[PDB]
>>> print(open('protein-v9.pdb').read())   # PDB, C-alpha atoms
ATOM      1  CA  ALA F   1     -76.994 -89.739 -49.458  1.00  0.00           C
ATOM      2  CA  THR F   2     -77.444 -93.115 -51.089  1.00  0.00           C
ATOM      3  CA  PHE F   3     -74.541 -94.951 -52.537  1.00  0.00           C
ATOM      4  CA  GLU F   4     -75.265 -97.873 -54.778  1.00  0.00           C
ATOM      5  CA  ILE F   5     -72.284-100.265 -54.625  1.00  0.00           C
ATOM      6  CA  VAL F   6     -72.169-102.693 -57.598  1.00  0.00           C
ATOM      7  CA  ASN F   7     -69.815-105.628 -58.067  1.00  0.00           C
ATOM      8  CA  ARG F   8     -69.189-106.191 -61.801  1.00  0.00           C
ATOM      9  CA  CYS F   9     -66.021-108.288 -61.126  1.00  0.00           C
ATOM     10  CA  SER F  10     -66.125-112.022 -61.977  1.00  0.00           C
ATOM     11  CA  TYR F  11     -65.109-112.825 -58.343  1.00  0.00           C
ATOM     12  CA  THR F  12     -66.811-112.103 -55.017  1.00  0.00           C
ATOM     13  CA  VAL F  13     -65.781-108.961 -53.159  1.00  0.00           C
ATOM     14  CA  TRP F  14     -66.600-107.794 -49.662  1.00  0.00           C
ATOM     15  CA  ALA F  15     -67.468-104.115 -49.845  1.00  0.00           C
ATOM     16  CA  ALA F  16     -66.472-101.889 -46.943  1.00  0.00           C
ATOM     17  CA  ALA F  17     -67.548 -98.367 -45.979  1.00  0.00           C
ATOM     18  CA  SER F  18     -66.144 -96.255 -43.118  1.00  0.00           C
ATOM     19  CA  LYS F  19     -65.131 -92.816 -41.993  1.00  0.00           C
ATOM     20  CA  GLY F  20     -62.214 -93.979 -39.977  1.00  0.00           C
ATOM     21  CA  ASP F  21     -63.673 -94.038 -36.498  1.00  0.00           C
ATOM     22  CA  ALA F  22     -67.102 -95.468 -37.411  1.00  0.00           C
ATOM     23  CA  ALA F  23     -68.899 -97.578 -39.996  1.00  0.00           C
ATOM     24  CA  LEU F  24     -71.020 -95.975 -42.651  1.00  0.00           C
ATOM     25  CA  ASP F  25     -74.423 -97.805 -42.735  1.00  0.00           C
ATOM     26  CA  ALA F  26     -73.730-101.511 -41.905  1.00  0.00           C
ATOM     27  CA  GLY F  27     -70.023-100.970 -42.679  1.00  0.00           C
ATOM     28  CA  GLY F  28     -69.585-104.096 -44.799  1.00  0.00           C
ATOM     29  CA  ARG F  29     -71.184-106.853 -46.889  1.00  0.00           C
ATOM     30  CA  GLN F  30     -70.489-109.708 -49.312  1.00  0.00           C
ATOM     31  CA  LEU F  31     -71.172-108.890 -52.951  1.00  0.00           C
ATOM     32  CA  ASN F  32     -71.160-111.826 -55.332  1.00  0.00           C
ATOM     33  CA  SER F  33     -70.484-111.183 -59.060  1.00  0.00           C
ATOM     34  CA  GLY F  34     -73.263-108.887 -60.240  1.00  0.00           C
ATOM     35  CA  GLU F  35     -74.792-108.001 -56.864  1.00  0.00           C
ATOM     36  CA  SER F  36     -75.640-104.465 -55.735  1.00  0.00           C
ATOM     37  CA  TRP F  37     -75.784-103.104 -52.175  1.00  0.00           C
ATOM     38  CA  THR F  38     -77.384 -99.720 -51.518  1.00  0.00           C
ATOM     39  CA  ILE F  39     -76.213 -97.883 -48.421  1.00  0.00           C
ATOM     40  CA  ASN F  40     -77.259 -94.683 -46.716  1.00  0.00           C
ATOM     41  CA  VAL F  41     -74.572 -92.275 -45.654  1.00  0.00           C
ATOM     42  CA  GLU F  42     -75.363 -89.454 -43.148  1.00  0.00           C
ATOM     43  CA  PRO F  43     -75.214 -85.951 -44.802  1.00  0.00           C
ATOM     44  CA  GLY F  44     -72.099 -84.037 -43.639  1.00  0.00           C
ATOM     45  CA  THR F  45     -70.004 -87.185 -43.620  1.00  0.00           C
ATOM     46  CA  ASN F  46     -66.438 -85.904 -43.882  1.00  0.00           C
ATOM     47  CA  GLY F  47     -63.555 -88.239 -44.915  1.00  0.00           C
ATOM     48  CA  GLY F  48     -65.687 -91.268 -45.899  1.00  0.00           C
ATOM     49  CA  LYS F  49     -64.223 -94.121 -47.864  1.00  0.00           C
ATOM     50  CA  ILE F  50     -65.526 -97.126 -49.688  1.00  0.00           C
ATOM     51  CA  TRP F  51     -63.399 -99.986 -50.905  1.00  0.00           C
ATOM     52  CA  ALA F  52     -63.390-103.636 -51.820  1.00  0.00           C
ATOM     53  CA  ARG F  53     -61.838-106.537 -49.956  1.00  0.00           C
ATOM     54  CA  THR F  54     -60.756-109.759 -51.672  1.00  0.00           C
ATOM     55  CA  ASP F  55     -60.415-113.446 -50.608  1.00  0.00           C
ATOM     56  CA  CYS F  56     -62.109-113.146 -47.213  1.00  0.00           C
ATOM     57  CA  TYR F  57     -63.258-115.744 -44.661  1.00  0.00           C
ATOM     58  CA  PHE F  58     -65.744-114.778 -41.987  1.00  0.00           C
ATOM     59  CA  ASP F  59     -67.165-117.047 -39.329  1.00  0.00           C
ATOM     60  CA  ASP F  60     -70.783-116.894 -38.093  1.00  0.00           C
ATOM     61  CA  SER F  61     -70.109-113.960 -35.706  1.00  0.00           C
ATOM     62  CA  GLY F  62     -68.598-111.961 -38.623  1.00  0.00           C
ATOM     63  CA  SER F  63     -64.928-112.201 -37.612  1.00  0.00           C
ATOM     64  CA  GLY F  64     -62.185-113.366 -39.890  1.00  0.00           C
ATOM     65  CA  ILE F  65     -59.656-112.163 -42.376  1.00  0.00           C
ATOM     66  CA  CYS F  66     -59.280-110.613 -45.854  1.00  0.00           C
ATOM     67  CA  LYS F  67     -56.220-110.760 -48.184  1.00  0.00           C
ATOM     68  CA  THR F  68     -56.565-107.058 -49.096  1.00  0.00           C
ATOM     69  CA  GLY F  69     -58.436-104.279 -47.363  1.00  0.00           C
ATOM     70  CA  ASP F  70     -58.857-106.069 -44.009  1.00  0.00           C
ATOM     71  CA  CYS F  71     -60.290-103.675 -41.419  1.00  0.00           C
ATOM     72  CA  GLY F  72     -59.389-105.478 -38.137  1.00  0.00           C
ATOM     73  CA  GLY F  73     -60.891-108.878 -39.144  1.00  0.00           C
ATOM     74  CA  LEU F  74     -64.514-107.588 -39.167  1.00  0.00           C
ATOM     75  CA  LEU F  75     -67.251-108.175 -41.831  1.00  0.00           C
ATOM     76  CA  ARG F  76     -68.863-104.966 -40.701  1.00  0.00           C
ATOM     77  CA  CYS F  77     -65.936-102.469 -40.913  1.00  0.00           C
ATOM     78  CA  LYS F  78     -65.490 -99.598 -38.466  1.00  0.00           C
ATOM     79  CA  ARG F  79     -61.995 -98.392 -39.451  1.00  0.00           C
ATOM     80  CA  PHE F  80     -59.983 -98.060 -42.624  1.00  0.00           C
ATOM     81  CA  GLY F  81     -58.647-101.210 -44.341  1.00  0.00           C
ATOM     82  CA  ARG F  82     -55.149-102.570 -44.677  1.00  0.00           C
ATOM     83  CA  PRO F  83     -53.389-101.603 -47.968  1.00  0.00           C
ATOM     84  CA  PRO F  84     -53.311-102.276 -50.784  1.00  0.00           C
ATOM     85  CA  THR F  85     -56.790-100.800 -51.470  1.00  0.00           C
ATOM     86  CA  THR F  86     -58.161 -98.706 -54.281  1.00  0.00           C
ATOM     87  CA  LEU F  87     -60.267 -96.039 -52.465  1.00  0.00           C
ATOM     88  CA  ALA F  88     -63.428 -94.127 -53.334  1.00  0.00           C
ATOM     89  CA  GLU F  89     -63.169 -91.011 -51.096  1.00  0.00           C
ATOM     90  CA  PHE F  90     -65.814 -88.392 -50.362  1.00  0.00           C
ATOM     91  CA  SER F  91     -66.823 -85.537 -48.106  1.00  0.00           C
ATOM     92  CA  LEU F  92     -70.511 -84.575 -48.223  1.00  0.00           C
ATOM     93  CA  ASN F  93     -72.261 -81.192 -47.651  1.00  0.00           C
ATOM     94  CA  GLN F  94     -69.070 -79.253 -47.077  1.00  0.00           C
ATOM     95  CA  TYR F  95     -70.172 -75.607 -47.335  1.00  0.00           C
ATOM     96  CA  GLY F  96     -72.879 -76.501 -49.820  1.00  0.00           C
ATOM     97  CA  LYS F  97     -71.019 -79.069 -51.940  1.00  0.00           C
ATOM     98  CA  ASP F  98     -69.902 -82.701 -52.154  1.00  0.00           C
ATOM     99  CA  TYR F  99     -66.300 -83.670 -52.958  1.00  0.00           C
ATOM    100  CA  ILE F 100     -65.361 -87.010 -54.526  1.00  0.00           C
ATOM    101  CA  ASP F 101     -62.184 -88.682 -55.733  1.00  0.00           C
ATOM    102  CA  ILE F 102     -60.443 -92.018 -56.243  1.00  0.00           C
ATOM    103  CA  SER F 103     -57.083 -92.497 -54.621  1.00  0.00           C
ATOM    104  CA  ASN F 104     -54.160 -94.843 -55.172  1.00  0.00           C
ATOM    105  CA  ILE F 105     -52.226 -93.388 -52.198  1.00  0.00           C
ATOM    106  CA  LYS F 106     -52.846 -96.634 -50.341  1.00  0.00           C
ATOM    107  CA  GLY F 107     -52.122 -98.861 -53.368  1.00  0.00           C
ATOM    108  CA  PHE F 108     -54.539-100.650 -55.725  1.00  0.00           C
ATOM    109  CA  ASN F 109     -56.465-103.911 -55.434  1.00  0.00           C
ATOM    110  CA  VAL F 110     -59.633-103.666 -57.547  1.00  0.00           C
ATOM    111  CA  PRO F 111     -60.566-101.443 -60.426  1.00  0.00           C
ATOM    112  CA  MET F 112     -63.277 -98.925 -59.695  1.00  0.00           C
ATOM    113  CA  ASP F 113     -65.621 -96.310 -61.093  1.00  0.00           C
ATOM    114  CA  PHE F 114     -67.106 -93.642 -58.770  1.00  0.00           C
ATOM    115  CA  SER F 115     -69.969 -91.609 -60.437  1.00  0.00           C
ATOM    116  CA  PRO F 116     -72.911 -89.469 -59.299  1.00  0.00           C
ATOM    117  CA  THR F 117     -76.340 -90.817 -60.181  1.00  0.00           C
ATOM    118  CA  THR F 118     -77.873 -87.343 -59.907  1.00  0.00           C
ATOM    119  CA  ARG F 119     -77.308 -84.202 -62.080  1.00  0.00           C
ATOM    120  CA  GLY F 120     -74.440 -81.736 -62.343  1.00  0.00           C
ATOM    121  CA  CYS F 121     -70.939 -83.339 -62.248  1.00  0.00           C
ATOM    122  CA  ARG F 122     -68.762 -86.051 -63.837  1.00  0.00           C
ATOM    123  CA  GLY F 123     -67.492 -89.312 -62.351  1.00  0.00           C
ATOM    124  CA  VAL F 124     -63.955 -90.597 -61.934  1.00  0.00           C
ATOM    125  CA  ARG F 125     -62.540 -93.938 -62.938  1.00  0.00           C
ATOM    126  CA  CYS F 126     -59.468 -96.017 -62.188  1.00  0.00           C
ATOM    127  CA  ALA F 127     -60.027 -99.165 -64.257  1.00  0.00           C
ATOM    128  CA  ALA F 128     -56.605 -99.932 -65.776  1.00  0.00           C
ATOM    129  CA  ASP F 129     -54.853-103.257 -65.027  1.00  0.00           C
ATOM    130  CA  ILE F 130     -52.564-101.982 -62.308  1.00  0.00           C
ATOM    131  CA  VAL F 131     -52.138-105.339 -60.574  1.00  0.00           C
ATOM    132  CA  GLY F 132     -50.807-107.046 -63.776  1.00  0.00           C
ATOM    133  CA  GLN F 133     -48.388-104.165 -64.613  1.00  0.00           C
ATOM    134  CA  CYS F 134     -47.274-103.465 -61.007  1.00  0.00           C
ATOM    135  CA  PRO F 135     -43.483-102.769 -60.563  1.00  0.00           C
ATOM    136  CA  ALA F 136     -41.810-105.839 -58.979  1.00  0.00           C
ATOM    137  CA  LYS F 137     -41.028-104.082 -55.656  1.00  0.00           C
ATOM    138  CA  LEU F 138     -44.659-102.948 -55.124  1.00  0.00           C
ATOM    139  CA  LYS F 139     -46.307-106.331 -55.774  1.00  0.00           C
ATOM    140  CA  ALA F 140     -48.157-107.540 -52.664  1.00  0.00           C
ATOM    141  CA  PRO F 141     -47.624-111.307 -52.183  1.00  0.00           C
ATOM    142  CA  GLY F 142     -51.076-111.284 -50.654  1.00  0.00           C
ATOM    143  CA  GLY F 143     -52.719-109.843 -53.847  1.00  0.00           C
ATOM    144  CA  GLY F 144     -52.758-106.246 -55.172  1.00  0.00           C
ATOM    145  CA  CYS F 145     -50.252-103.378 -55.719  1.00  0.00           C
ATOM    146  CA  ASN F 146     -48.785-101.492 -52.679  1.00  0.00           C
ATOM    147  CA  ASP F 147     -48.044 -97.807 -52.601  1.00  0.00           C
ATOM    148  CA  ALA F 148     -44.397 -96.943 -51.973  1.00  0.00           C
ATOM    149  CA  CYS F 149     -45.093 -95.473 -48.490  1.00  0.00           C
ATOM    150  CA  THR F 150     -46.360 -98.872 -47.280  1.00  0.00           C
ATOM    151  CA  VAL F 151     -43.337-100.680 -48.726  1.00  0.00           C
ATOM    152  CA  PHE F 152     -40.471 -98.303 -47.835  1.00  0.00           C
ATOM    153  CA  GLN F 153     -41.704 -96.042 -45.004  1.00  0.00           C
ATOM    154  CA  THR F 154     -39.586 -92.975 -45.961  1.00  0.00           C
ATOM    155  CA  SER F 155     -40.496 -89.270 -45.503  1.00  0.00           C
ATOM    156  CA  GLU F 156     -40.368 -88.766 -49.273  1.00  0.00           C
ATOM    157  CA  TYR F 157     -42.984 -91.490 -50.024  1.00  0.00           C
ATOM    158  CA  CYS F 158     -45.227 -90.722 -46.999  1.00  0.00           C
ATOM    159  CA  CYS F 159     -45.039 -86.906 -47.364  1.00  0.00           C
ATOM    160  CA  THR F 160     -44.376 -86.684 -43.645  1.00  0.00           C
ATOM    161  CA  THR F 161     -42.905 -83.152 -43.698  1.00  0.00           C
ATOM    162  CA  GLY F 162     -45.451 -81.692 -46.127  1.00  0.00           C
ATOM    163  CA  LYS F 163     -42.752 -81.132 -48.789  1.00  0.00           C
ATOM    164  CA  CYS F 164     -42.643 -84.269 -51.028  1.00  0.00           C
ATOM    165  CA  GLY F 165     -42.742 -84.561 -54.821  1.00  0.00           C
ATOM    166  CA  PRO F 166     -43.538 -87.228 -57.449  1.00  0.00           C
ATOM    167  CA  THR F 167     -41.453 -90.352 -57.554  1.00  0.00           C
ATOM    168  CA  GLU F 168     -40.825 -93.242 -59.963  1.00  0.00           C
ATOM    169  CA  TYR F 169     -43.494 -95.226 -58.045  1.00  0.00           C
ATOM    170  CA  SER F 170     -46.140 -92.499 -57.851  1.00  0.00           C
ATOM    171  CA  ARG F 171     -45.561 -91.922 -61.569  1.00  0.00           C
ATOM    172  CA  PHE F 172     -46.417 -95.555 -62.300  1.00  0.00           C
ATOM    173  CA  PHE F 173     -49.878 -95.123 -60.707  1.00  0.00           C
ATOM    174  CA  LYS F 174     -50.366 -91.745 -62.450  1.00  0.00           C
ATOM    175  CA  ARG F 175     -49.506 -93.164 -65.870  1.00  0.00           C
ATOM    176  CA  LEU F 176     -51.937 -96.086 -65.481  1.00  0.00           C
ATOM    177  CA  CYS F 177     -54.697 -93.985 -63.748  1.00  0.00           C
ATOM    178  CA  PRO F 178     -54.389 -90.281 -64.486  1.00  0.00           C
ATOM    179  CA  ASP F 179     -57.686 -89.465 -62.756  1.00  0.00           C
ATOM    180  CA  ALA F 180     -56.733 -90.848 -59.326  1.00  0.00           C
ATOM    181  CA  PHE F 181     -54.402 -89.420 -56.652  1.00  0.00           C
ATOM    182  CA  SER F 182     -50.995 -91.041 -57.034  1.00  0.00           C
ATOM    183  CA  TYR F 183     -49.298 -89.364 -54.050  1.00  0.00           C
ATOM    184  CA  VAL F 184     -50.347 -87.049 -51.202  1.00  0.00           C
ATOM    185  CA  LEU F 185     -49.512 -83.756 -52.892  1.00  0.00           C
ATOM    186  CA  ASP F 186     -50.537 -84.819 -56.364  1.00  0.00           C
ATOM    187  CA  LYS F 187     -52.306 -82.116 -58.347  1.00  0.00           C
ATOM    188  CA  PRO F 188     -55.930 -82.565 -57.170  1.00  0.00           C
ATOM    189  CA  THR F 189     -58.324 -84.674 -59.253  1.00  0.00           C
ATOM    190  CA  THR F 190     -61.189 -84.072 -56.823  1.00  0.00           C
ATOM    191  CA  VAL F 191     -64.615 -83.518 -58.397  1.00  0.00           C
ATOM    192  CA  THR F 192     -66.977 -80.918 -56.866  1.00  0.00           C
ATOM    193  CA  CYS F 193     -70.623 -82.070 -56.978  1.00  0.00           C
ATOM    194  CA  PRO F 194     -73.878 -80.434 -55.821  1.00  0.00           C
ATOM    195  CA  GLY F 195     -74.438 -80.932 -52.064  1.00  0.00           C
ATOM    196  CA  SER F 196     -76.611 -83.968 -51.351  1.00  0.00           C
ATOM    197  CA  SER F 197     -75.866 -85.823 -54.595  1.00  0.00           C
ATOM    198  CA  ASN F 198     -76.258 -89.633 -54.785  1.00  0.00           C
ATOM    199  CA  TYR F 199     -73.626 -92.020 -56.126  1.00  0.00           C
ATOM    200  CA  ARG F 200     -72.709 -95.364 -57.562  1.00  0.00           C
ATOM    201  CA  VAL F 201     -69.433 -97.149 -56.919  1.00  0.00           C
ATOM    202  CA  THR F 202     -68.790 -99.911 -59.398  1.00  0.00           C
ATOM    203  CA  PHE F 203     -66.055-102.522 -58.981  1.00  0.00           C
ATOM    204  CA  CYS F 204     -64.533-103.704 -62.333  1.00  0.00           C
ATOM    205  CA  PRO F 205     -66.486-101.143 -64.435  1.00  0.00           C
ATOM    206  CA  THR F 206     -65.061-102.438 -67.747  1.00  0.00           C
ATOM    207  CA  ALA F 207     -64.628-105.854 -69.474  1.00  0.00           C
TER     208      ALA F 207
END
>>> encode(input="protein-v9.pdb", output="structure tokens")
Amino acid sequence: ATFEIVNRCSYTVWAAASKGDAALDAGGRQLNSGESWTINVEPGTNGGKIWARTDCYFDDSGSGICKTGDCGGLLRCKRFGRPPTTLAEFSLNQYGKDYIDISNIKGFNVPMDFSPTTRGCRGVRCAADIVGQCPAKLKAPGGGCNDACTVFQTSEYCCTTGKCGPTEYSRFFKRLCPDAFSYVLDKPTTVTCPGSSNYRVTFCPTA
């Protein structure tokens, strides 16, 4: 499956793509304002994620640091990134179909649109200004908006026991971005697509 990753933000981002225990394609790359990066993801990739990292410094061997989304100081990411991170999530060719969603379960850093470029499903979008409206206690000094699990580490926010419900904090994300997961047991907003669809992830999809 090809994913076109497009940076429409006015600032540089460093795109990242991973399935948790391995990179997808090269795993990571700088995208200046307007650039596009096409990657190839193995069919049957389960639990893949794509996200943006902001305000990064890499040296010539590709080691450094990012203010949001850092995945162990690497340009070419092999694991998931440090919250806060808006996430495009997908599982491909799962009994004949692809499954996509956007999640705010790990916070929000960059607005995002995640859409198929082939026939037969709709995209999802989380483009509201969540960083500017963020509740005071979720604001990340480093940039972005934390989820409540990251800030408070309680069973209720992390859904440790499998029994959680919605909270004042998850309801903030849900009000700003109804089409993204706001907490673990949120009513699913997953989109089912034909198996072997292709996709575009756009950062800052609107003006």
>>> resolve_selection(input="protein-v9.pdb", expression="the PyMOL selection byres ((chain F and resi 50-54) around 6)", output="list in words")
residues 13, 14, 15, 16, 17, 49, 55, 56, 67, 68, 69, 87 and 88 of chain F
>>> write_last_selection(input="protein-v9.pdb", atoms="C-alpha atoms", output="JSON list (two decimals), in the frame of the given file")
[["chain", "number", "residue", "atom", "x", "y", "z"],
["F", 13, "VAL", "CA", -65.78, -108.96, -53.16],
["F", 14, "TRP", "CA", -66.60, -107.79, -49.66],
["F", 15, "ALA", "CA", -67.47, -104.12, -49.84],
["F", 16, "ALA", "CA", -66.47, -101.89, -46.94],
["F", 17, "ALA", "CA", -67.55, -98.37, -45.98],
["F", 49, "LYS", "CA", -64.22, -94.12, -47.86],
["F", 55, "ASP", "CA", -60.42, -113.45, -50.61],
["F", 56, "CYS", "CA", -62.11, -113.15, -47.21],
["F", 67, "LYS", "CA", -56.22, -110.76, -48.18],
["F", 68, "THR", "CA", -56.56, -107.06, -49.10],
["F", 69, "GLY", "CA", -58.44, -104.28, -47.36],
["F", 87, "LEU", "CA", -60.27, -96.04, -52.46],
["F", 88, "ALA", "CA", -63.43, -94.13, -53.33]]
>>> closest_residue(input="protein-v9.pdb", among="F:28, F:22, F:189, F:128", to="residue 109 (chain F)", atoms="only C-alpha atoms")
F:128
>>> atom_distance(input="protein-v9.pdb", atom1="CA of residue 10 (chain F)", atom2="CA of residue 110 (chain F)")
11.5 Å
>>> residues_around(input="protein-v9.pdb", residues="region 116-124 of chain F", least_positions_apart="2", cutoff="8 Å", atoms="all atoms listed in the file", output="ChimeraX atom specification")
/F:101-102,113-114,126,179-180,191-194,197-200
>>> write_last_selection(input="protein-v9.pdb", atoms="C-alpha atoms", output="PDB file, in the coordinates of the input")
ATOM      1  CA  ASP F 101     -62.184 -88.682 -55.733  1.00  0.00           C
ATOM      2  CA  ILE F 102     -60.443 -92.018 -56.243  1.00  0.00           C
ATOM      3  CA  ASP F 113     -65.621 -96.310 -61.093  1.00  0.00           C
ATOM      4  CA  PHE F 114     -67.106 -93.642 -58.770  1.00  0.00           C
ATOM      5  CA  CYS F 126     -59.468 -96.017 -62.188  1.00  0.00           C
ATOM      6  CA  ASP F 179     -57.686 -89.465 -62.756  1.00  0.00           C
ATOM      7  CA  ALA F 180     -56.733 -90.848 -59.326  1.00  0.00           C
ATOM      8  CA  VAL F 191     -64.615 -83.518 -58.397  1.00  0.00           C
ATOM      9  CA  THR F 192     -66.977 -80.918 -56.866  1.00  0.00           C
ATOM     10  CA  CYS F 193     -70.623 -82.070 -56.978  1.00  0.00           C
ATOM     11  CA  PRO F 194     -73.878 -80.434 -55.821  1.00  0.00           C
ATOM     12  CA  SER F 197     -75.866 -85.823 -54.595  1.00  0.00           C
ATOM     13  CA  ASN F 198     -76.258 -89.633 -54.785  1.00  0.00           C
ATOM     14  CA  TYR F 199     -73.626 -92.020 -56.126  1.00  0.00           C
ATOM     15  CA  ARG F 200     -72.709 -95.364 -57.562  1.00  0.00           C
TER      16      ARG F 200
END
>>> resolve_selection(input="protein-v9.pdb", expression="the PyMOL selection byres ((chain F and resi 138-147) around 10)", output="VMD selection string")
chain F and resid 54 to 55 66 to 69 83 to 86 104 to 110 130 to 137 148 to 152 157 to 158 169 to 170 173 182 to 183
>>> resolve_selection(input="protein-v9.pdb", expression="the PyMOL selection byres ((chain F and resi 165) around 9)", output="mmCIF file with C-alpha atoms, keeping the file's coordinate frame")
data_model
loop_
_atom_site.group_PDB
_atom_site.id
_atom_site.type_symbol
_atom_site.label_atom_id
_atom_site.label_comp_id
_atom_site.auth_asym_id
_atom_site.auth_seq_id
_atom_site.Cartn_x
_atom_site.Cartn_y
_atom_site.Cartn_z
ATOM 1 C CA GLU F 156 -40.368 -88.766 -49.273
ATOM 2 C CA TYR F 157 -42.984 -91.490 -50.024
ATOM 3 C CA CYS F 159 -45.039 -86.906 -47.364
ATOM 4 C CA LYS F 163 -42.752 -81.132 -48.789
ATOM 5 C CA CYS F 164 -42.643 -84.269 -51.028
ATOM 6 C CA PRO F 166 -43.538 -87.228 -57.449
ATOM 7 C CA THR F 167 -41.453 -90.352 -57.554
ATOM 8 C CA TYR F 183 -49.298 -89.364 -54.050
ATOM 9 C CA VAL F 184 -50.347 -87.049 -51.202
ATOM 10 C CA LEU F 185 -49.512 -83.756 -52.892
ATOM 11 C CA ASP F 186 -50.537 -84.819 -56.364
#
